[PDB]
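Visitor: Okay, here's the structure, questions in a sec.
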Amino acid sequence: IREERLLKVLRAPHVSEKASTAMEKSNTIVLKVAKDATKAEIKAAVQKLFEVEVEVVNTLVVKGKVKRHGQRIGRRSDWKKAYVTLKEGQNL
Amino acid sequence: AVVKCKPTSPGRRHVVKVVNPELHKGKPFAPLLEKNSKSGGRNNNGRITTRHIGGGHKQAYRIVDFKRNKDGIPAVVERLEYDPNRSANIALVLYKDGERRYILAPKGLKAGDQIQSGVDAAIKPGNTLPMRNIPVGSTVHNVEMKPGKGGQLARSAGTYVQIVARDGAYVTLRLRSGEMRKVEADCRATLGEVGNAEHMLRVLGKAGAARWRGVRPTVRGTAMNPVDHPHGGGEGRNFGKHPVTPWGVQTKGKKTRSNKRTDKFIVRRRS
Amino acid sequence: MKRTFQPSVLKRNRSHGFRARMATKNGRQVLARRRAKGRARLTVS
RNA sequence: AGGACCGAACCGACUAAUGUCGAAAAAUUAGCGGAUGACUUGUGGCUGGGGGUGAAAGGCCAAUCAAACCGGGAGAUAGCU
RNA sequence: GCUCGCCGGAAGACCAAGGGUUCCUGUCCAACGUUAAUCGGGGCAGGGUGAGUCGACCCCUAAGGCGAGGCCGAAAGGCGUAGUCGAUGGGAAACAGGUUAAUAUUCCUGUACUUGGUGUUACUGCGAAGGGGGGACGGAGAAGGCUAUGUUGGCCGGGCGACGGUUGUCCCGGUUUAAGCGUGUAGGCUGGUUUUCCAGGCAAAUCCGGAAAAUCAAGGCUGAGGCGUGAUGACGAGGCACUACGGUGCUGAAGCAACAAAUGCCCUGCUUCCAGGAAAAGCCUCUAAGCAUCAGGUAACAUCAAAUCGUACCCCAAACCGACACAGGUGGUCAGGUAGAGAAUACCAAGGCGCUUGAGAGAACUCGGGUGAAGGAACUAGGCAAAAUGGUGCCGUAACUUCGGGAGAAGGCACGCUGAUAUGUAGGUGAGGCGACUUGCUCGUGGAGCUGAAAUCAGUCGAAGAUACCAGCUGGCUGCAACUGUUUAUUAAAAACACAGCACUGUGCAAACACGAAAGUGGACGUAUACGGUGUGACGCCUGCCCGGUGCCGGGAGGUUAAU
Ligand SMILES: [K+]
Ligand SMILES: [K+]
Ligand SMILES: [Mg+2]
Ligand SMILES: [Mg+2]
Ligand SMILES: [Mg+2]
Ligand SMILES: [Mg+2]
Ligand SMILES: [Mg+2]
Ligand SMILES: [Mg+2]
Ligand SMILES: [Mg+2]
Ligand SMILES: [Mg+2]
Ligand SMILES: [Mg+2]
Ligand SMILES: [Mg+2]
Ligand SMILES: [Mg+2]
Ligand SMILES: [Mg+2]
Ligand SMILES: [Mg+2]
Ligand SMILES: [Mg+2]
Ligand SMILES: [Mg+2]
Ligand SMILES: [Mg+2]
Ligand SMILES: [Mg+2]
Ligand SMILES: [Mg+2]
Ligand SMILES: [Mg+2]
Ligand SMILES: [Mg+2]
Ligand SMILES: [Mg+2]
Ligand SMILES: [Mg+2]
Ligand SMILES: [Mg+2]
Ligand SMILES: [Mg+2]
Ligand SMILES: [Mg+2]
Ligand SMILES: [Mg+2]
Ligand SMILES: [Mg+2]
Ligand SMILES: [Mg+2]
Ligand SMILES: [Mg+2]
Ligand SMILES: [Mg+2]
Ligand SMILES: [Mg+2]
Ligand SMILES: [Mg+2]
Ligand SMILES: [Mg+2]
Ligand SMILES: [Mg+2]
Ligand SMILES: [Mg+2]
Ligand SMILES: [Mg+2]
Ligand SMILES: [Mg+2]
Ligand SMILES: [Mg+2]
Ligand SMILES: [Mg+2]
Ligand SMILES: [Mg+2]
Ligand SMILES: [Mg+2]
Ligand SMILES: [Mg+2]
Ligand SMILES: [Mg+2]
Ligand SMILES: [Mg+2]
Ligand SMILES: [Mg+2]
Ligand SMILES: [Mg+2]
Ligand SMILES: [Mg+2]
Ligand SMILES: [Mg+2]
Ligand SMILES: [Mg+2]
Ligand SMILES: [Mg+2]
Ligand SMILES: [Mg+2]
Ligand SMILES: [Mg+2]
Ligand SMILES: [Mg+2]
Ligand SMILES: [Mg+2]
Ligand SMILES: [Mg+2]
Ligand SMILES: [Mg+2]
Ligand SMILES: [Mg+2]
Ligand SMILES: [Mg+2]
Ligand SMILES: [Mg+2]
Ligand SMILES: [Mg+2]
Ligand SMILES: [Mg+2]
Ligand SMILES: [Mg+2]
Ligand SMILES: [Mg+2]
Ligand SMILES: [Mg+2]
Ligand SMILES: [Mg+2]
Ligand SMILES: [Mg+2]
Ligand SMILES: [Mg+2]
Ligand SMILES: [Mg+2]
Ligand SMILES: [Mg+2]
Ligand SMILES: [Mg+2]
Ligand SMILES: [Mg+2]
Ligand SMILES: [Mg+2]
Ligand SMILES: [Mg+2]
Ligand SMILES: [Mg+2]
Ligand SMILES: [Mg+2]
Ligand SMILES: [Mg+2]
Ligand SMILES: [Mg+2]
Ligand SMILES: [Mg+2]
Ligand SMILES: [Mg+2]
Ligand SMILES: [Mg+2]
Ligand SMILES: [Mg+2]
Ligand SMILES: [Mg+2]
Ligand SMILES: [Mg+2]
Ligand SMILES: [Mg+2]
Ligand SMILES: [Mg+2]
Ligand SMILES: [Mg+2]
Ligand SMILES: [Mg+2]
Ligand SMILES: [Mg+2]
Ligand SMILES: [Mg+2]
Ligand SMILES: [Mg+2]
Ligand SMILES: [Mg+2]
Ligand SMILES: [Mg+2]
Ligand SMILES: [Mg+2]
Ligand SMILES: [Mg+2]
Ligand SMILES: [Mg+2]
Ligand SMILES: [Mg+2]
Ligand SMILES: [Mg+2]
Ligand SMILES: [Mg+2]
Ligand SMILES: [Mg+2]
Ligand SMILES: [Mg+2]
Ligand SMILES: [Mg+2]
Ligand SMILES: [Mg+2]
Ligand SMILES: [Mg+2]
Ligand SMILES: [Mg+2]
Ligand SMILES: [Mg+2]
Ligand SMILES: [Mg+2]
Ligand SMILES: [Mg+2]
Ligand SMILES: [Mg+2]
Ligand SMILES: [Mg+2]
Ligand SMILES: [Mg+2]
Ligand SMILES: [Mg+2]
Ligand SMILES: [Mg+2]
Ligand SMILES: [Mg+2]
Ligand SMILES: [Mg+2]
Ligand SMILES: [Mg+2]
Ligand SMILES: [Mg+2]
Ligand SMILES: [Mg+2]
Ligand SMILES: [Mg+2]
Ligand SMILES: [Mg+2]
Ligand SMILES: [Mg+2]
Ligand SMILES: [Mg+2]
Ligand SMILES: [Mg+2]
Ligand SMILES: [Mg+2]
Ligand SMILES: [Mg+2]
Ligand SMILES: [Mg+2]
Ligand SMILES: [Mg+2]
Ligand SMILES: [Mg+2]
Ligand SMILES: [Mg+2]
Ligand SMILES: [Mg+2]
Ligand SMILES: [Mg+2]
Ligand SMILES: [Mg+2]
Ligand SMILES: [Mg+2]
Ligand SMILES: [Mg+2]
Ligand SMILES: [Mg+2]
Ligand SMILES: [Mg+2]
Ligand SMILES: [Mg+2]
Ligand SMILES: [Mg+2]
Ligand SMILES: [Mg+2]
Ligand SMILES: [Mg+2]
Ligand SMILES: [Mg+2]
Ligand SMILES: [Mg+2]
Ligand SMILES: [Mg+2]
Ligand SMILES: [Mg+2]
Ligand SMILES: [Mg+2]
Ligand SMILES: [Mg+2]
Ligand SMILES: [Mg+2]
Ligand SMILES: [Mg+2]
Ligand SMILES: [Mg+2]
Ligand SMILES: [Mg+2]
Ligand SMILES: [Mg+2]
Ligand SMILES: [Mg+2]
Ligand SMILES: [Mg+2]
Ligand SMILES: [Mg+2]
Ligand SMILES: [Mg+2]
Ligand SMILES: [Mg+2]
Ligand SMILES: [Mg+2]
Ligand SMILES: [Mg+2]
Ligand SMILES: [Mg+2]
Ligand SMILES: [Mg+2]
Ligand SMILES: [Mg+2]
Ligand SMILES: [Mg+2]
Ligand SMILES: [Mg+2]
Ligand SMILES: [Mg+2]
Ligand SMILES: [Mg+2]
Ligand SMILES: [Mg+2]
Ligand SMILES: [Mg+2]
Ligand SMILES: [Mg+2]
Ligand SMILES: [Mg+2]
Ligand SMILES: [Mg+2]
Ligand SMILES: [Mg+2]
Ligand SMILES: [Mg+2]
Ligand SMILES: [Mg+2]
Ligand SMILES: [Mg+2]
Ligand SMILES: [Mg+2]
Ligand SMILES: [Mg+2]
Ligand SMILES: [Mg+2]
Ligand SMILES: [Mg+2]
Ligand SMILES: [Mg+2]
Ligand SMILES: [Mg+2]
Ligand SMILES: [Mg+2]
Ligand SMILES: [Mg+2]
Ligand SMILES: [Mg+2]
Ligand SMILES: [Mg+2]
Ligand SMILES: [Mg+2]
Ligand SMILES: [Mg+2]
Ligand SMILES: [Mg+2]
Ligand SMILES: [Mg+2]
Ligand SMILES: [Mg+2]
Ligand SMILES: [Mg+2]
Ligand SMILES: [Mg+2]
Ligand SMILES: [Mg+2]
Ligand SMILES: [Mg+2]
Ligand SMILES: [Mg+2]
Ligand SMILES: [Mg+2]
Ligand SMILES: [Mg+2]
Ligand SMILES: [Mg+2]
Ligand SMILES: [Mg+2]
Ligand SMILES: [Mg+2]
Ligand SMILES: [Mg+2]
Ligand SMILES: [Mg+2]
Ligand SMILES: [Mg+2]
Ligand SMILES: [Mg+2]
Ligand SMILES: [Mg+2]
Ligand SMILES: [Mg+2]
Ligand SMILES: [Mg+2]
Ligand SMILES: [Mg+2]
Ligand SMILES: [Mg+2]
Ligand SMILES: [Mg+2]
Ligand SMILES: [Mg+2]
Ligand SMILES: [Mg+2]
Ligand SMILES: [Mg+2]
Ligand SMILES: [Mg+2]
Ligand SMILES: [Mg+2]
Ligand SMILES: [Mg+2]
Ligand SMILES: [Mg+2]
Ligand SMILES: [Mg+2]
Ligand SMILES: [Mg+2]
Ligand SMILES: [Mg+2]
Ligand SMILES: [Mg+2]
Ligand SMILES: [Mg+2]
Ligand SMILES: [Mg+2]
Ligand SMILES: [Mg+2]
Ligand SMILES: [Mg+2]
Ligand SMILES: [Mg+2]
Ligand SMILES: [Mg+2]
Ligand SMILES: [Mg+2]
Ligand SMILES: [Mg+2]
Ligand SMILES: [Mg+2]
Ligand SMILES: [Mg+2]
Ligand SMILES: [Mg+2]
Ligand SMILES: [Mg+2]
Ligand SMILES: [Mg+2]
Ligand SMILES: [Mg+2]
Ligand SMILES: [Mg+2]
């Protein structure tokens with residue numbers, strides 16, 4: 001089911017307080033996914049690469065902040081995060 | 001019928017209503033009415049071509065049958081209805097086989113009366129016939145100018161054509177204008193007079209009553225400035241100009257008839 | 001006390017947008033001008 | 001029932017004072033007119049320059065209107081300063 | 001932190017539009033902030049937007065846009081058919097409480113629900129580009145039942161009071177609970193079948209329509225709310241355990257009744273009127289072309305599936321539109337208390353703020369106010385401006401009138417508090433109780449509380465009782481315009497425009513006329529009781545004479561007369 005491409009979906013694990021509090025208490029992992037990357041694709045990718053039982057994936061698009069420095073305006077890239085909830089068989 | 005209204009408010013002082021008690025007090029028959037959007041006078045190019053029209057009450061089109069073909073089938077008049085699209089009232093005719101259709105309500109017609117249409121039939125008010133079968137010197141309405149068409153002449157409240165003569169293939173008709181027009185004998189005409197003749201005695205009574213009939217205010221040329229209308233300007237109520245339209249053509253006695261394709265059919269012009 | 005610019009992004013795009021300009025012979029020439037001049041914002045979009 | 005009455009919202013703009021390098025390129029304050037109607041307002045459409053639209057004032061058409069705005073003819077022409 | 005102040009139909013709380021990170025945290029004070037700044041919507045980093053149900057998307061369409069062929073146009077292009085787009089409208093489903101420094105109908109917990117796909121069983125006559133039904137529609141009005149909500153008891157937990165009194169009718173605070181799934185009610189709408197049948201619904205149809213003949217006193221439909229249950233659940237005044245002084249896990253009392261009550265809801269109802277009130281899919285239904293151990297439907301079940309984009313924040317504002325952190329402008333929603341007719345006004349609750357230069361002084365003069373001797377419009381172009389009047393009930397009210405008006409004409413008088421009539425009444429809502437009908441969310445029947453005017457009679461305080469805020473000045477003669485309305489955005493609101501009504505006049509429908517090289521639209525899916533133009537301007541009494549001039553209409557002999 002969508003071999004080779006699944007590898008390109010997950011970019012990195014996200015590091016924050018809200019990310020951390022959702023590790024132990026909610027049993028989820030927050031992670032930066034590709035701008036495409038549907039909830040099925042993120043789930044199927046976590047199911048293979050991280051190899052854990054996924055309950056459900058929630059997803060959102062974060063808007064890049066307009067950082068004006070020196071004398072030029074420049075906006076960051078829009079990146080998509082995914083809160084991935086895990087089943088009781090969990091680890092990382 | 002013509003009831004004058006009591007003067008409890010100014011603009012309710014001069015009101016004179018045409019109350020018809022025999023009309024219907026309920027919603028109309030849905031299958032024979034489609035929607036009818038308003039132009040506001042404007043056309044394809046979105047430009048006011050006819051002035052003084054705009055607004056008024058939203059009003060749906062009744063699919064009224066003027067041609068009145070469906071032959072040899074007697075039809076009972078179920079109920080007389082209001083038509084907002086029209087001067088004359090309409091009648092919901094139930095054909096014996098189980099159609100319903102709207103027709104213009106003639107003078108002597110009521111909820112219960114039976115009507116037939118076609119070639120044979122009987123000579124009675126409501127019954128459509130070819131004008132060849134109709135007697136000379138008889139009052140008709142809803143008259144066709146061409147055989148097979150709907151019905152052009154005499155459809156306004158109280159209106160009727162009288163058949164003057166019959167020269168072979170042609171029938172000479174005396175119209176309500178006074179014009180004596182020659183039409184084809186194969187053309188059809190519904191017998192009698194068009195109902196709601198009290199319509200003319202209605203008097204509105206307020207500016208508002210014209211607005212909710214979809215009319216907008218007419219501004220007089222004399223009021224305007226030279227740039228707008230030929231009558232225009234002057235330092236306090238001047239004129240000194242021969243009456244004219246906003247486009248310079250003379251009004252007030254000036255024949256604009258110039259068809260020339262139908263001049264053969266007109267026997268005597270109106271007067 | 002109510003000024004002239006009363007914004008609406010639908011109206012904006014329907015009136016002045018890229019497809020609104022592309023639609024017409026003269027609207028295509030506007031774009032041809034802005035390209036010829038070399039503008040960054042070709043339309044409002 | 002009513003282009004009925006009184007009166008808030010809402011729509012307006014009759015009087016006065018203030019303000020006039022303003023708080024504001026038209027407002028504030030205190031009064032004032034309409035307030036179920038020819039009412040009012042949101043959203044979207046249509047009508048284009050000698051053209052539109054106008055319950056008509058030459059009013060309105062992006063703070064611009066007895067002919068909009070932008071680019072072009074164009075360095076119009078000026079017996080004038 | 002504690003006082004003080006101001007808003008509270010907002011200066012509160014949610015949204016749309018529009019902004020576009022302003023949100024939140026740490027940090028910094030050059031500039032930006034009309035002052036300072038440790039602060040900030042400022043600089044600099046880092047966080048923060050979680051959806052099958054909310055919105056968009058999608059499904060249908062309105063005005064309207066585009067528009068294969070097409071028709072038309074020097075070219076450009078115009079119009080328009082089939083179509084296809086186009087919301088501001090129609091179309092499946094989620095609620096309570098808990099949680100983050102910042103999202104929550106999205107996370108969590110607890111209960112639900114919808115539409116699809118896909119397998120098994122038991123049945124069985126299914127299927128559109130078609131038919132029919134439905135969706136599905138106006139203004140006003142009036143009532144009845146409800147609820148949101150509020151008030152007061154009841155119960156529960158505290159409280160006995162900085163200066164006189166306060167264990168009592170005393171004081172404070174709480175008294176909350178959803179969608180769903182049941183029950184089908186207050187009510188609203190209707191005839192319900194059975195078989196036959198027929199030129200209609202362009203074909204077909206058992207459906208719709210029409211016509212029959214019988215058959216029983218009604219059977220459906222719709223429907224707020226209440227009761228249920230969800231809920232031994234959550235929440236809950238507080239405590240207990242503890243403090244980075246933040247709290248946090250644990251426990252967690254009562255958790256009822258009455259009465260009042262919407263502009264909400266029943267109600268897309270009902271009566272009622274004339275100006276006569278979208279469309280199309282979803283949805284149910286019916287069959288043609290088709291297809292017959294097929295394919296489809298149907299239920300009951302199991303299982304998957306519900307993608308994508310928006311979700312922070314401000315939003316009558318310092319974040320939008322106004323060049324400004326601008327005394328402006330900006331759509332919807334929510335609507336607590338006392339007084340009140342009230343969304344007016346006053347004071348307040350929840351919640352929110354004190355308007356980003358202060359500090360002194362207390363001149364003239366200016367601005368916004370208050371009071372004013374005697375006088376009282378003498379002011380001035382003009383009573384401009386201020387002063388006045390102002391509520392409710394009852395009495396009383398002129399000319400003139402179109403018989404409605406004028407009219408709130410004018411002018412009067414009565415109002416507070418406290419007892420009594422009645423230890424709070426006319427009423428209002430009416431509990432347990434008594435019988436009875438069928439089977440109930442019953443009827444009468446009685447009234448327990450509860451709520452509650454308005455009078456009258458007597459007392460009684462003040463200068464004054466509509467005591468504040470709130471809230472008509474009145475009358476007389478008269479010009480113009482009948483009237484409500486409209487108008488010079490920003491020096492003119494008027495006697496100007498419009499207006500109903502009136503007349504003239506054109507127009508026989510391929511109408512006149514209008515926009516347009518044209519095609520074509522509008523007029524009008526109208527047809528002379530209609531339409532366009534022009535003048536006049538309700539209504540009443542009237543509207544006199546002139547056709548030489550100019551126009552127009554008709555007439556056609558003669559004269560004159562182009563192209564050819
Ligand atoms: K030149
Ligand atoms: K306080
Ligand atoms: Mg989830
Ligand atoms: Mg999402
Ligand atoms: Mg970038
Ligand atoms: Mg067009
Ligand atoms: Mg059109
Ligand atoms: Mg056009
Ligand atoms: Mg007209
Ligand atoms: Mg209009
Ligand atoms: Mg019509
Ligand atoms: Mg009409
Ligand atoms: Mg008509
Ligand atoms: Mg022949
Ligand atoms: Mg006219
Ligand atoms: Mg007129
Ligand atoms: Mg005129
Ligand atoms: Mg003028
Ligand atoms: Mg013009
Ligand atoms: Mg002229
Ligand atoms: Mg003049
Ligand atoms: Mg004169
Ligand atoms: Mg003269
Ligand atoms: Mg002339
Ligand atoms: Mg001329
Ligand atoms: Mg002329
Ligand atoms: Mg004549
Ligand atoms: Mg536009
Ligand atoms: Mg060119
Ligand atoms: Mg350019
Ligand atoms: Mg741009
Ligand atoms: Mg009315
Ligand atoms: Mg009124
Ligand atoms: Mg009055
Ligand atoms: Mg008044
Ligand atoms: Mg407003
Ligand atoms: Mg004003
Ligand atoms: Mg104004
Ligand atoms: Mg004055
Ligand atoms: Mg003043
Ligand atoms: Mg000055
Ligand atoms: Mg100043
Ligand atoms: Mg004011
Ligand atoms: Mg006043
Ligand atoms: Mg007033
Ligand atoms: Mg008035
Ligand atoms: Mg407006
Ligand atoms: Mg608009
Ligand atoms: Mg347009
Ligand atoms: Mg021009
Ligand atoms: Mg030009
Ligand atoms: Mg032109
Ligand atoms: Mg023109
Ligand atoms: Mg106007
Ligand atoms: Mg002038
Ligand atoms: Mg202007
Ligand atoms: Mg001007
Ligand atoms: Mg010019
Ligand atoms: Mg010019
Ligand atoms: Mg312009
Ligand atoms: Mg040159
Ligand atoms: Mg020059
Ligand atoms: Mg206040
Ligand atoms: Mg209040
Ligand atoms: Mg909201
Ligand atoms: Mg901005
Ligand atoms: Mg953005
Ligand atoms: Mg920033
Ligand atoms: Mg902040
Ligand atoms: Mg610092
Ligand atoms: Mg410093
Ligand atoms: Mg620096
Ligand atoms: Mg500073
Ligand atoms: Mg400054
Ligand atoms: Mg900070
Ligand atoms: Mg900041
Ligand atoms: Mg979704
Ligand atoms: Mg909902
Ligand atoms: Mg949209
Ligand atoms: Mg999709
Ligand atoms: Mg579809
Ligand atoms: Mg569509
Ligand atoms: Mg259309
Ligand atoms: Mg279309
Ligand atoms: Mg087109
Ligand atoms: Mg082809
Ligand atoms: Mg072709
Ligand atoms: Mg073509
Ligand atoms: Mg043709
Ligand atoms: Mg075109
Ligand atoms: Mg079409
Ligand atoms: Mg919408
Ligand atoms: Mg829906
Ligand atoms: Mg919707
Ligand atoms: Mg829903
Ligand atoms: Mg909640
Ligand atoms: Mg909980
Ligand atoms: Mg808890
Ligand atoms: Mg927040
Ligand atoms: Mg759950
Ligand atoms: Mg469970
Ligand atoms: Mg359960
Ligand atoms: Mg269940
Ligand atoms: Mg449901
Ligand atoms: Mg289901
Ligand atoms: Mg259908
Ligand atoms: Mg609707
Ligand atoms: Mg209605
Ligand atoms: Mg009324
Ligand atoms: Mg009544
Ligand atoms: Mg009621
Ligand atoms: Mg309740
Ligand atoms: Mg509640
Ligand atoms: Mg109590
Ligand atoms: Mg104690
Ligand atoms: Mg004490
Ligand atoms: Mg003591
Ligand atoms: Mg004691
Ligand atoms: Mg208490
Ligand atoms: Mg209490
Ligand atoms: Mg239910
Ligand atoms: Mg169920
Ligand atoms: Mg149900
Ligand atoms: Mg039942
Ligand atoms: Mg048939
Ligand atoms: Mg049948
Ligand atoms: Mg039933
Ligand atoms: Mg049912
Ligand atoms: Mg229920
Ligand atoms: Mg109840
Ligand atoms: Mg209960
Ligand atoms: Mg309940
Ligand atoms: Mg229970
Ligand atoms: Mg239980
Ligand atoms: Mg608990
Ligand atoms: Mg605390
Ligand atoms: Mg009650
Ligand atoms: Mg209330
Ligand atoms: Mg209905
Ligand atoms: Mg269904
Ligand atoms: Mg079925
Ligand atoms: Mg799953
Ligand atoms: Mg799923
Ligand atoms: Mg939010
Ligand atoms: Mg806020
Ligand atoms: Mg705020
Ligand atoms: Mg707000
Ligand atoms: Mg404001
Ligand atoms: Mg606010
Ligand atoms: Mg400005
Ligand atoms: Mg600004
Ligand atoms: Mg400020
Ligand atoms: Mg502001
Ligand atoms: Mg304001
Ligand atoms: Mg009072
Ligand atoms: Mg207030
Ligand atoms: Mg300040
Ligand atoms: Mg001083
Ligand atoms: Mg002073
Ligand atoms: Mg003053
Ligand atoms: Mg002073
Ligand atoms: Mg005073
Ligand atoms: Mg004074
Ligand atoms: Mg004095
Ligand atoms: Mg004194
Ligand atoms: Mg005195
Ligand atoms: Mg005096
Ligand atoms: Mg004097
Ligand atoms: Mg003097
Ligand atoms: Mg004088
Ligand atoms: Mg004077
Ligand atoms: Mg005076
Ligand atoms: Mg005055
Ligand atoms: Mg004074
Ligand atoms: Mg005084
Ligand atoms: Mg005063
Ligand atoms: Mg006085
Ligand atoms: Mg006084
Ligand atoms: Mg007084
Ligand atoms: Mg009085
Ligand atoms: Mg008198
Ligand atoms: Mg008089
Ligand atoms: Mg009085
Ligand atoms: Mg009276
Ligand atoms: Mg007194
Ligand atoms: Mg008393
Ligand atoms: Mg008693
Ligand atoms: Mg006693
Ligand atoms: Mg007593
Ligand atoms: Mg009592
Ligand atoms: Mg008493
Ligand atoms: Mg009692
Ligand atoms: Mg008693
Ligand atoms: Mg009694
Ligand atoms: Mg009683
Ligand atoms: Mg009752
Ligand atoms: Mg009962
Ligand atoms: Mg008793
Ligand atoms: Mg009393
Ligand atoms: Mg006494
Ligand atoms: Mg006394
Ligand atoms: Mg006394
Ligand atoms: Mg008073
Ligand atoms: Mg007044
Ligand atoms: Mg008088
Ligand atoms: Mg005079
Ligand atoms: Mg007037
Ligand atoms: Mg007059
Ligand atoms: Mg206007
Ligand atoms: Mg206006
Ligand atoms: Mg105005
Ligand atoms: Mg002005
Ligand atoms: Mg304007
Ligand atoms: Mg101007
Ligand atoms: Mg003015
Ligand atoms: Mg003025
Ligand atoms: Mg005025
Ligand atoms: Mg005047
Ligand atoms: Mg006028
Ligand atoms: Mg006459
Ligand atoms: Mg006449
Ligand atoms: Mg032409
Ligand atoms: Mg033509
Ligand atoms: Mg039409
Ligand atoms: Mg006049
Ligand atoms: Mg007389
Ligand atoms: Mg005369
Ligand atoms: Mg003559
Ligand atoms: Mg003569
Ligand atoms: Mg002449
Ligand atoms: Mg002539
Ligand atoms: Mg002649
Ligand atoms: Mg001749
Ligand atoms: Mg001759
Ligand atoms: Mg000759
Ligand atoms: Mg010759």
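As shown in the structure tokens, the chain order sets the letters A, B, ...; within each chain, residues go from 1, and ligands are also counted from 1 in the order they appear.
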What residues have any atom no more than 12 Å from ligand 143 when counting only C-alpha atoms (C1' of nucleotides) and all ligand atoms, and can you list them as a ChimeraX atom specification?

Guide: /A:39-40,43,54-58 /E:51-52,304-307

Visitor: Compute the set of chain D residues within 10 Å of chain C, using only C-alpha atoms (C1' of nucleotides), and express it as a PDB file with C-alpha atoms (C1' of nucleotides), in the first residue's frame.

Guide:
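Ended up saving to selection_12.pdb:
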ATOM      1  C1'   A D  24     -13.145  64.737  12.145  1.00  0.00           C
ATOM      2  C1'   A D  26     -18.417  67.363   6.924  1.00  0.00           C
ATOM      3  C1'   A D  27     -17.950  65.601  13.053  1.00  0.00           C
ATOM      4  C1'   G D  44     -24.174  38.920  -4.625  1.00  0.00           C
ATOM      5  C1'   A D  62     -14.308  55.576  -5.583  1.00  0.00           C
ATOM      6  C1'   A D  63     -12.932  62.690  -0.924  1.00  0.00           C
TER       7        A D  63
END

Visitor: Find the residues around residue 8 in chain D up to 12 Å (only C-alpha atoms (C1' of nucleotides) counted), leave out those fewer than 6 positions away in its own chain, and share them as an MDAnalysis selection string.

Guide: (chainID D and resid 35) or (chainID E and resid 9 342:345)

Visitor: Using only N, CA, C and O atoms (P, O5', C5', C4', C3', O3' and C1' of nucleotides), please write the residues we just selected to a file, as a PDB file, in the first residue's frame.

Guide:
ATOM      1  P     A D  35     -44.165  57.930  10.880  1.00  0.00           P
ATOM      2  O5'   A D  35     -43.221  56.719  11.314  1.00  0.00           O
ATOM      3  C5'   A D  35     -42.905  55.643  10.402  1.00  0.00           C
ATOM      4  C4'   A D  35     -41.777  54.789  10.940  1.00  0.00           C
ATOM      5  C3'   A D  35     -42.113  53.938  12.155  1.00  0.00           C
ATOM      6  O3'   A D  35     -42.699  52.714  11.734  1.00  0.00           O
ATOM      7  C1'   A D  35     -40.064  55.075  12.519  1.00  0.00           C
TER       8        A D  35
ATOM      9  P     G E   9     -28.202  48.209  29.753  1.00  0.00           P
ATOM     10  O5'   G E   9     -27.996  48.361  28.180  1.00  0.00           O
ATOM     11  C5'   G E   9     -27.501  47.260  27.393  1.00  0.00           C
ATOM     12  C4'   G E   9     -27.550  47.546  25.904  1.00  0.00           C
ATOM     13  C3'   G E   9     -28.338  48.765  25.441  1.00  0.00           C
ATOM     14  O3'   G E   9     -27.857  49.151  24.153  1.00  0.00           O
ATOM     15  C1'   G E   9     -29.455  46.824  24.736  1.00  0.00           C
ATOM     16  P     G E 342     -42.710  46.985  31.442  1.00  0.00           P
ATOM     17  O5'   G E 342     -41.643  47.302  30.304  1.00  0.00           O
ATOM     18  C5'   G E 342     -41.561  46.505  29.109  1.00  0.00           C
ATOM     19  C4'   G E 342     -40.822  47.262  28.029  1.00  0.00           C
ATOM     20  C3'   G E 342     -39.357  47.546  28.320  1.00  0.00           C
ATOM     21  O3'   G E 342     -38.604  46.446  27.804  1.00  0.00           O
ATOM     22  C1'   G E 342     -40.465  49.541  27.614  1.00  0.00           C
ATOM     23  P     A E 343     -37.204  46.012  28.460  1.00  0.00           P
ATOM     24  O5'   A E 343     -36.171  46.265  27.272  1.00  0.00           O
ATOM     25  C5'   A E 343     -34.759  46.390  27.526  1.00  0.00           C
ATOM     26  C4'   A E 343     -34.073  47.165  26.421  1.00  0.00           C
ATOM     27  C3'   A E 343     -34.744  48.463  25.966  1.00  0.00           C
ATOM     28  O3'   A E 343     -33.747  49.409  25.593  1.00  0.00           O
ATOM     29  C1'   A E 343     -34.506  47.028  24.125  1.00  0.00           C
ATOM     30  P     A E 344     -33.190  50.447  26.658  1.00  0.00           P
ATOM     31  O5'   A E 344     -34.250  51.632  26.573  1.00  0.00           O
ATOM     32  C5'   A E 344     -34.515  52.288  25.324  1.00  0.00           C
ATOM     33  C4'   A E 344     -34.945  53.719  25.552  1.00  0.00           C
ATOM     34  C3'   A E 344     -34.244  54.480  26.675  1.00  0.00           C
ATOM     35  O3'   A E 344     -33.102  55.171  26.176  1.00  0.00           O
ATOM     36  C1'   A E 344     -36.589  54.633  26.951  1.00  0.00           C
ATOM     37  P     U E 345     -31.722  55.162  26.990  1.00  0.00           P
ATOM     38  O5'   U E 345     -32.127  55.783  28.396  1.00  0.00           O
ATOM     39  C5'   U E 345     -32.320  57.196  28.552  1.00  0.00           C
ATOM     40  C4'   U E 345     -32.873  57.488  29.925  1.00  0.00           C
ATOM     41  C3'   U E 345     -32.023  57.031  31.098  1.00  0.00           C
ATOM     42  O3'   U E 345     -30.917  57.893  31.365  1.00  0.00           O
ATOM     43  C1'   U E 345     -34.262  56.400  31.473  1.00  0.00           C
TER      44        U E 345
END
